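To be precise, the following lines are protein-v9.txt, and they hold compact mmCIF, C-alpha atoms.
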# COMPACT_ATOMS: atom_id res chain seq x y z
CA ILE A 12 63.56 80.15 191.06
CA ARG A 13 63.77 76.72 189.34
CA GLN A 14 61.19 75.45 186.83
CA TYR A 15 57.89 76.27 188.53
CA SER A 16 55.98 73.43 186.85
CA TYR A 17 57.32 70.74 189.19
CA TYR A 18 55.41 72.51 191.97
CA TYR A 19 52.08 72.00 190.21
CA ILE A 20 49.66 69.64 191.94
CA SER A 21 46.22 69.05 190.37
CA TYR A 22 44.64 68.38 193.78
CA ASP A 23 44.92 72.06 194.69
CA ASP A 24 42.56 73.43 192.01
CA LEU A 25 40.40 70.30 192.03
CA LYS A 26 39.80 70.76 195.77
CA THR A 27 38.90 74.42 195.32
CA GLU A 28 36.49 73.48 192.54
CA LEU A 29 34.79 70.71 194.54
CA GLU A 30 34.43 72.97 197.57
CA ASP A 31 33.38 76.15 195.75
CA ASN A 32 30.68 74.15 193.97
CA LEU A 33 29.53 72.48 197.18
CA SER A 34 29.37 75.83 198.97
CA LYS A 35 27.45 77.51 196.15
CA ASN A 36 24.85 74.74 196.20
CA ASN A 37 24.53 74.56 199.99
CA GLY A 38 26.38 71.25 200.25
CA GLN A 39 24.23 69.68 197.54
CA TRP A 40 25.66 68.05 194.42
CA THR A 41 24.11 67.60 190.98
CA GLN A 42 24.70 65.56 187.84
CA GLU A 43 25.57 68.83 186.10
CA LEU A 44 28.28 69.53 188.67
CA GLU A 45 29.44 65.92 188.37
CA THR A 46 29.76 66.13 184.59
CA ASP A 47 31.85 69.30 184.93
CA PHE A 48 33.99 67.82 187.70
CA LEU A 49 34.81 64.68 185.70
CA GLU A 50 35.83 66.94 182.82
CA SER A 51 38.21 68.81 185.14
CA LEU A 52 39.63 65.50 186.43
CA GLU A 53 40.27 64.20 182.90
CA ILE A 54 41.95 67.48 181.91
CA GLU A 55 44.17 67.41 185.02
CA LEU A 56 45.04 63.75 184.40
CA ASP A 57 46.09 64.46 180.81
CA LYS A 58 48.13 67.45 182.00
CA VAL A 59 49.97 65.40 184.63
CA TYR A 60 50.46 62.38 182.36
CA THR A 61 51.82 64.31 179.36
CA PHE A 62 54.18 66.19 181.68
CA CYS A 63 55.60 62.96 183.10
CA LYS A 64 55.96 61.42 179.63
CA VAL A 65 57.83 64.50 178.38
CA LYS A 66 60.16 64.69 181.39
CA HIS A 67 61.12 61.00 181.33
CA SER A 68 62.19 61.29 177.69
CA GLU A 69 64.10 64.45 178.59
CA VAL A 70 65.97 62.66 181.38
CA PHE A 71 66.72 59.81 178.96
CA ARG A 72 68.20 62.15 176.34
CA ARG A 73 70.43 63.84 178.89
CA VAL A 74 71.82 60.67 180.48
CA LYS A 75 72.72 59.45 176.98
CA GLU A 76 74.64 62.70 176.49
CA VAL A 77 76.32 62.10 179.84
CA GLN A 78 77.34 58.55 178.82
CA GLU A 79 78.97 59.86 175.63
CA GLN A 80 80.95 62.39 177.70
CA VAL A 81 82.26 59.85 180.19
CA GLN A 82 82.97 57.45 177.30
CA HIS A 83 84.98 60.24 175.68
CA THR A 84 87.10 60.62 178.82
CA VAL A 85 87.79 56.87 179.03
CA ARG A 86 88.88 56.92 175.38
CA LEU A 87 91.24 59.80 176.20
CA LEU A 88 92.98 57.68 178.86
CA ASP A 89 93.10 54.67 176.53
CA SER A 90 94.85 56.95 174.03
CA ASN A 91 97.24 58.32 176.67
CA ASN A 92 95.55 61.73 176.87
CA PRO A 93 94.61 63.46 180.15
CA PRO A 94 91.06 64.12 181.41
CA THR A 95 90.61 67.89 181.59
CA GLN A 96 89.34 70.25 184.28
CA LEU A 97 86.66 71.34 181.78
CA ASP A 98 85.46 67.75 181.27
CA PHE A 99 84.94 67.33 185.04
CA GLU A 100 83.13 70.67 185.25
CA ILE A 101 80.74 69.82 182.40
CA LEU A 102 80.07 66.27 183.64
CA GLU A 103 79.27 67.43 187.17
CA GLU A 104 76.97 70.21 185.96
CA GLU A 105 75.05 67.85 183.66
CA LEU A 106 74.68 65.23 186.42
CA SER A 107 73.46 67.68 189.05
CA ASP A 108 70.90 68.97 186.56
CA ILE A 109 69.64 65.47 185.78
CA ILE A 110 69.34 64.55 189.46
CA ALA A 111 67.40 67.78 190.11
CA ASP A 112 64.98 66.78 187.36
CA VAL A 113 64.73 63.16 188.51
CA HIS A 114 64.20 64.31 192.10
CA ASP A 115 61.53 66.86 191.17
CA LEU A 116 59.87 64.43 188.74
CA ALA A 117 59.74 61.79 191.47
CA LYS A 118 58.14 64.25 193.89
CA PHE A 119 55.76 65.63 191.24
CA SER A 120 54.63 62.13 190.29
CA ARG A 121 54.06 60.87 193.83
CA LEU A 122 52.26 63.97 195.09
CA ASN A 123 49.96 64.17 192.06
CA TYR A 124 49.17 60.47 192.22
CA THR A 125 48.26 60.82 195.91
CA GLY A 126 46.26 63.89 194.93
CA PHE A 127 44.03 62.07 192.48
CA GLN A 128 43.30 59.30 194.98
CA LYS A 129 42.56 61.77 197.77
CA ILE A 130 40.36 64.07 195.69
CA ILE A 131 38.31 61.07 194.53
CA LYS A 132 37.86 59.74 198.07
CA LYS A 133 36.83 63.23 199.22
CA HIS A 134 34.47 63.60 196.24
CA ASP A 135 32.73 60.24 196.62
CA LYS A 136 32.25 60.84 200.36
CA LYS A 137 31.03 64.46 200.22
CA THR A 138 28.86 64.17 197.09
CA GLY A 139 27.41 60.66 197.26
CA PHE A 140 28.26 60.33 193.58
CA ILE A 141 30.59 57.35 193.25
CA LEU A 142 33.28 58.37 190.79
CA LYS A 143 36.15 56.07 191.85
CA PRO A 144 35.58 53.21 189.38
CA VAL A 145 35.05 55.51 186.39
CA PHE A 146 38.09 57.63 187.19
CA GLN A 147 40.14 54.48 187.80
CA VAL A 148 39.60 53.56 184.13
CA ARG A 149 40.91 56.99 183.09
CA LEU A 150 43.84 56.68 185.48
CA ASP A 151 44.82 53.25 184.16
CA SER A 152 44.83 54.47 180.53
CA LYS A 153 47.22 57.28 181.44
CA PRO A 154 49.83 55.70 183.75
CA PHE A 155 52.36 58.15 185.16
CA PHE A 156 53.07 56.59 188.58
CA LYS A 157 52.58 53.53 190.76
CA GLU A 158 53.47 53.24 194.45
CA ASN A 159 53.98 49.47 194.60
CA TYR A 160 54.80 49.80 198.29
CA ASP A 161 55.35 46.06 198.79
CA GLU A 162 57.89 45.74 195.97
CA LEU A 163 59.57 48.94 197.12
CA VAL A 164 60.00 47.60 200.66
CA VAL A 165 61.23 44.23 199.41
CA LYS A 166 64.00 45.84 197.34
CA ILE A 167 64.96 48.40 199.98
CA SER A 168 65.10 45.57 202.54
CA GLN A 169 67.40 43.61 200.23
CA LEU A 170 69.77 46.58 200.20
CA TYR A 171 69.47 46.76 203.99
CA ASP A 172 70.45 43.11 204.32
CA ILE A 173 73.29 43.34 201.77
CA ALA A 174 74.81 46.37 203.51
CA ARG A 175 74.32 44.96 207.01
CA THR A 176 76.00 41.64 206.19
CA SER A 177 78.71 43.37 204.14
CA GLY A 178 77.47 41.95 200.85
CA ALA A 179 77.16 38.25 201.69
CA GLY A 180 73.49 38.24 202.64
CA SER A 181 72.29 36.75 205.93
CA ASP A 182 71.73 33.35 204.32
CA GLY A 183 75.22 33.41 202.85
CA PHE A 184 78.53 32.87 204.66
CA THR A 185 79.41 35.22 207.53
CA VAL A 186 81.68 38.19 206.83
CA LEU A 187 83.77 39.02 209.90
CA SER A 188 85.97 41.88 208.76
CA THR A 189 86.42 43.92 205.58
CA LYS A 190 89.30 46.11 204.43
CA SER A 191 89.55 47.95 201.11
CA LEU A 192 92.86 48.45 199.33
CA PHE A 193 93.68 51.79 197.73
CA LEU A 194 92.35 50.86 194.29
CA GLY A 195 89.11 49.51 195.75
CA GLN A 196 89.73 45.77 196.09
CA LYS A 197 87.96 44.30 199.14
CA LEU A 198 89.70 41.91 201.51
CA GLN A 199 87.21 39.97 203.64
CA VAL A 200 87.72 37.55 206.50
CA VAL A 201 84.90 35.02 206.41
CA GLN A 202 83.94 31.99 208.47
CA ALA A 203 82.76 29.16 206.23
CA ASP A 204 83.40 25.82 204.61
CA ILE A 205 85.64 27.04 201.79
CA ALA A 206 84.09 24.33 199.58
CA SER A 207 80.72 26.05 199.97
CA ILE A 208 82.03 29.52 199.09
CA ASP A 209 80.57 30.55 195.73
CA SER A 210 83.46 32.78 194.65
CA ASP A 211 84.82 32.60 191.11
CA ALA A 212 87.93 30.82 192.37
CA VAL A 213 88.82 28.76 195.40
CA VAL A 214 92.48 28.11 196.24
CA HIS A 215 93.55 24.54 197.04
CA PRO A 216 96.90 24.24 198.80
CA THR A 217 98.56 21.04 197.60
CA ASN A 218 101.89 19.47 196.74
CA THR A 219 103.86 18.86 193.56
CA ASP A 220 101.67 15.84 192.74
CA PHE A 221 98.29 17.54 193.35
CA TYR A 222 97.63 15.51 196.52
CA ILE A 223 94.04 16.24 197.59
CA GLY A 224 94.15 14.72 201.07
CA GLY A 225 94.73 17.98 202.94
CA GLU A 226 92.09 19.83 204.97
CA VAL A 227 90.91 21.98 202.06
CA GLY A 228 91.47 19.14 199.61
CA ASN A 229 89.23 16.91 201.73
CA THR A 230 86.35 19.38 202.04
CA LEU A 231 86.55 19.99 198.27
CA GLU A 232 86.37 16.23 197.68
CA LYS A 233 83.41 15.99 200.05
CA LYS A 234 81.56 18.75 198.19
CA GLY A 235 82.76 18.06 194.65
CA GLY A 236 82.82 14.27 194.65
CA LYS A 237 84.19 12.16 191.80
CA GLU A 238 84.04 15.02 189.28
CA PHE A 239 86.37 17.11 191.43
CA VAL A 240 88.79 14.21 191.91
CA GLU A 241 88.83 13.34 188.19
CA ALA A 242 89.26 17.02 187.29
CA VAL A 243 92.33 17.21 189.52
CA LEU A 244 93.72 14.01 188.01
CA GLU A 245 93.26 15.42 184.49
CA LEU A 246 94.99 18.63 185.50
CA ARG A 247 97.95 16.61 186.83
CA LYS A 248 98.37 14.81 183.49
CA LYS A 249 97.91 17.98 181.43
CA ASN A 250 99.98 20.34 183.57
CA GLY A 251 102.60 17.97 184.88
CA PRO A 252 103.78 18.36 188.49
CA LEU A 253 103.54 21.68 190.31
CA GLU A 254 106.84 23.43 190.91
CA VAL A 255 107.28 25.17 194.28
CA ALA A 256 105.21 28.41 194.37
CA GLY A 257 103.52 27.18 191.20
CA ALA A 258 99.79 27.29 190.55
CA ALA A 259 97.37 25.66 188.09
CA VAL A 260 93.61 25.84 187.45
CA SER A 261 90.87 23.24 187.00
CA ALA A 262 87.13 23.62 186.45
CA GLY A 263 85.07 23.60 189.64
CA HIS A 264 82.92 20.60 188.75
CA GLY A 265 80.53 19.71 191.57
CA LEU A 266 81.58 22.90 193.33
CA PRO A 267 79.87 26.28 193.87
CA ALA A 268 83.20 27.79 192.83
CA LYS A 269 83.72 28.19 189.09
CA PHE A 270 87.42 27.36 189.19
CA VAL A 271 89.86 25.70 191.57
CA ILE A 272 93.35 27.19 191.71
CA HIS A 273 95.82 24.60 192.99
CA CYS A 274 99.08 25.87 194.47
CA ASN A 275 102.30 24.26 195.72
CA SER A 276 103.41 26.32 198.72
CA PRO A 277 106.99 26.11 199.99
CA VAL A 278 107.77 24.31 203.24
CA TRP A 279 108.80 26.39 206.26
CA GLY A 280 112.58 26.36 206.62
CA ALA A 281 113.22 25.78 202.90
CA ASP A 282 115.48 28.18 201.00
CA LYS A 283 113.79 31.54 200.30
CA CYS A 284 110.55 30.03 201.69
CA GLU A 285 109.05 33.40 202.69
CA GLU A 286 109.66 34.88 199.23
CA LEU A 287 108.26 31.72 197.66
CA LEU A 288 105.09 32.01 199.75
CA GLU A 289 104.61 35.50 198.34
CA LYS A 290 105.23 34.18 194.82
CA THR A 291 102.70 31.41 195.44
CA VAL A 292 99.98 33.93 196.29
CA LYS A 293 100.74 36.20 193.32
CA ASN A 294 100.73 33.19 190.97
CA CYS A 295 97.28 32.26 192.28
CA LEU A 296 96.08 35.81 191.69
CA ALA A 297 97.68 35.93 188.23
CA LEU A 298 95.75 32.82 187.19
CA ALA A 299 92.54 34.33 188.53
CA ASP A 300 93.13 37.44 186.42
CA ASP A 301 93.94 35.19 183.46
CA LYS A 302 90.44 33.71 183.68
CA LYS A 303 89.03 37.22 184.26
CA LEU A 304 87.66 36.20 187.68
CA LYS A 305 86.12 38.78 190.02
CA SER A 306 86.61 36.95 193.33
CA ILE A 307 89.02 34.48 194.91
CA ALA A 308 88.95 32.66 198.25
CA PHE A 309 92.13 31.74 200.14
CA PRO A 310 92.47 29.52 203.18
CA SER A 311 95.57 30.30 205.27
CA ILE A 312 98.14 28.71 202.96
CA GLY A 313 101.53 27.76 204.36
CA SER A 314 100.49 27.68 208.02
CA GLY A 315 99.02 24.19 207.71
CA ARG A 316 101.23 21.15 207.29
CA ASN A 317 103.81 23.32 205.49
CA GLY A 318 104.65 24.60 208.96
CA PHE A 319 104.61 28.39 208.60
CA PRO A 320 103.94 30.24 211.87
CA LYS A 321 100.39 31.60 211.57
CA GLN A 322 101.28 35.28 212.00
CA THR A 323 104.18 35.13 209.55
CA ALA A 324 102.06 33.35 206.92
CA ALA A 325 99.29 35.95 207.31
CA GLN A 326 101.75 38.84 207.08
CA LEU A 327 103.37 37.44 203.92
CA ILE A 328 100.09 36.59 202.17
CA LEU A 329 98.65 40.08 202.79
CA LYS A 330 101.94 41.66 201.69
CA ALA A 331 101.79 39.71 198.42
CA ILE A 332 98.14 40.54 197.77
CA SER A 333 98.76 44.26 198.37
CA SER A 334 101.85 44.13 196.16
CA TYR A 335 99.94 42.36 193.39
CA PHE A 336 97.19 44.97 193.03
CA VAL A 337 99.75 47.77 193.09
CA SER A 338 101.69 46.08 190.29
CA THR A 339 98.81 44.73 188.22
CA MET A 340 97.20 47.14 185.76
CA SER A 341 93.41 46.78 185.64
CA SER A 342 92.99 43.55 187.60
CA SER A 343 89.55 41.95 187.33
CA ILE A 344 89.70 40.72 190.96
CA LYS A 345 87.41 42.81 193.15
CA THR A 346 87.17 40.67 196.29
CA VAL A 347 89.59 38.36 198.09
CA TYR A 348 88.12 36.10 200.77
CA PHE A 349 90.14 34.72 203.65
CA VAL A 350 88.27 31.63 204.77
CA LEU A 351 89.26 30.73 208.33
CA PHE A 352 87.70 28.36 210.86
CA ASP A 353 89.15 29.15 214.31
CA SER A 354 89.23 32.25 216.51
CA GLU A 355 93.01 32.64 216.77
CA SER A 356 93.48 32.63 212.98
CA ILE A 357 90.65 35.10 212.62
CA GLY A 358 92.31 37.30 215.23
CA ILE A 359 95.71 37.09 213.55
CA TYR A 360 94.40 38.03 210.11
CA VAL A 361 92.37 40.91 211.56
CA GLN A 362 95.50 42.15 213.36
CA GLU A 363 97.61 41.87 210.21
CA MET A 364 95.02 43.49 207.93
CA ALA A 365 94.99 46.54 210.23
CA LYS A 366 98.75 46.96 209.74
CA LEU A 367 98.30 47.62 206.01

As a first step, turn the structure in this file into C-alpha cells.
Amino acid sequence: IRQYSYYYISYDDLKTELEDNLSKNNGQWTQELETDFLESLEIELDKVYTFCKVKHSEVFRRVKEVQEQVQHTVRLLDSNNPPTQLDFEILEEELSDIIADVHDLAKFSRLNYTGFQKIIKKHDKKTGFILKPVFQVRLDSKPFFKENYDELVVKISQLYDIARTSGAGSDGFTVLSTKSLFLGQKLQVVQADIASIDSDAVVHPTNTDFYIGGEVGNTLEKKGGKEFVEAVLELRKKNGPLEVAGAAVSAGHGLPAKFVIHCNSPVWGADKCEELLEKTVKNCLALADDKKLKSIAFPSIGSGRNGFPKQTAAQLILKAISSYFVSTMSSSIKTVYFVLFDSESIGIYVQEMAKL
C-alpha cells in the first residue's frame, strides 16, 4: 500500500477546479473566480512545501540513526568483536526505507513543481488573467524544489567523463588498463610523463648516491627544476646513501606529485636480485603508507639500466605489490599507477596483470 501521500499532486484538483469553473461560466472567467483560484493555489503550495520540509528532516533524522549503527559496527571490529547477522538485517532495512522515502520525495517534488508551472500556464492562457508573476512570488517564498537542468547536466556529464576515462578525466593522463586487487586497490597502466602525474607519490629509480641522471630522474629535473635537485641533495645528506632495495622520500617541490620516493634497485645478475627487486617495491609502498598517501606511480623499475628483462621485472613488481596489500593491515594506498611510454612495455604489464 505504501504511504499514499507521496502520490498526491496538487495539479490534479487544481485542474478540475479551473475546468469546472470554466465550464460552469461558459468558458468565461471572472475576478471572483480568480480570487478563489489564487486561494486554492496558495493552499496547495503551502501543503506541498510543508510536506517537503517535514520529509527532508525525517530523512535527516534517519540517516543520522544509520550512521550511529554503522559506527557501532566499526567500533565492534576495533574492539575485536564480530558484526552480527542482526546488525546487517537492521542496517539494510533502515537503508531501504530511507531510499524509498528519498525516491518518493524526489518524485513528489518534481511532479508537483511541474504541476504548478503547468497549471499556471494553462490558467493564464485559458482565462486571460495573468497570474504567473504573482504566483511566482508565492512560489519563491516557499521553495521545495528547483530543476536546475544545466547544473544537473554538468554534474552528470562529469560523472560520465570520470567513468569513461576510468577516473583520470579526458584532460588528465590516459588510463590504458585497470585491475582491482581483492581488497579494492586499483592497479592502472597509464601513458604519461611520470613527472606530470599528480599522484601523492612518484617513484624515482636511482642509485646509492641518489644520481638523478636517469630517464625518470631527468624528466623530474625538467619538471621540478632547481628545487627538485636541491631537495634530492638534502635528502642525500640527511639519509646517507641508499642501500640496495632501500627507499627514501623527499618533498615534491616543483612537482605535481606531493612526494618523491627514491629507490635503489638491485642490478640484474646480482645475488638475490629478484628478491631484492620485490623488497625494493615493498619498501617504496611502505614509505607511501608511512606518509599516509593514497596513490603512488611506478615506472618499470629494474628493467632500465639495471638490466632486468622486461617481463621478469613486471612479474616481480606485480607479485610484490599484491603481496604487500595482502600483508599490510589497512593500507592507505588506493591506486598504483604504472607509467609506461612504449607499446611493448604496455603489452607486457597488461599480460602480467591478467595473470594475477

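With all atoms listed in the file as the atoms that count, the residue of A:226, A:220, A:241, A:232 with the shortest distance to residue 312 (chain A) is A:226.
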
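The space between CA of residue 83 (chain A) and CA of residue 102 (chain A) spans 11.1 Å.
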
Take the point (49.2, 58.5, 185.8) as written in the file and pick out every residue within 8 Å of it, counting only C-alpha atoms; give the list as a ChimeraX atom specification.
-> /A:56,59-60,120,124,150-157

Quick one: axis-aligned box around all listed atoms of region 108-125 of chain A, 3 Å on every side, centre and edge lengths in Å to one decimal, written as lines of an AutoDock Vina configuration file.
center_x = 59.6
center_y = 64.7
center_z = 190.8
size_x = 28.6
size_y = 14.5
size_z = 16.1

Residues near residue 268 (chain A), cut-off 8 Å, only C-alpha atoms, skip fewer than 3 positions along chain, as a count of residues only | 10

One-decimal distance in Å that lies between CA of residue 297 (chain A) and CA of residue 339 (chain A) | 8.9 Å

Please build the interface table for region 97-200 of chain A against region 77-80 of chain A with a cut-off of 9 Å, listing for each qualifying residue the nearest atom pair and the distance in Å to one decimal; count all atoms listed in the file, order rows by chain and increasing number, and write it as a tab-separated table.
residue	atom	partner	partner_atom	distance
A:98	CA	A:80	CA	7.9
A:101	CA	A:80	CA	8.8
A:102	CA	A:77	CA	6.8
A:105	CA	A:77	CA	7.0
A:106	CA	A:77	CA	7.5

Could you give me, as a PDB file with C-alpha atoms, in the coordinates of the input, the residues within 8 Å of residue 172 (chain A), counting all atoms listed in the file and dropping anything in the same chain fewer than 5 positions from it?
ATOM      1  CA  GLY A 178      77.470  41.950 200.850  1.00  0.00           C
ATOM      2  CA  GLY A 180      73.490  38.240 202.640  1.00  0.00           C
ATOM      3  CA  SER A 181      72.290  36.750 205.930  1.00  0.00           C
TER       4      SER A 181
END
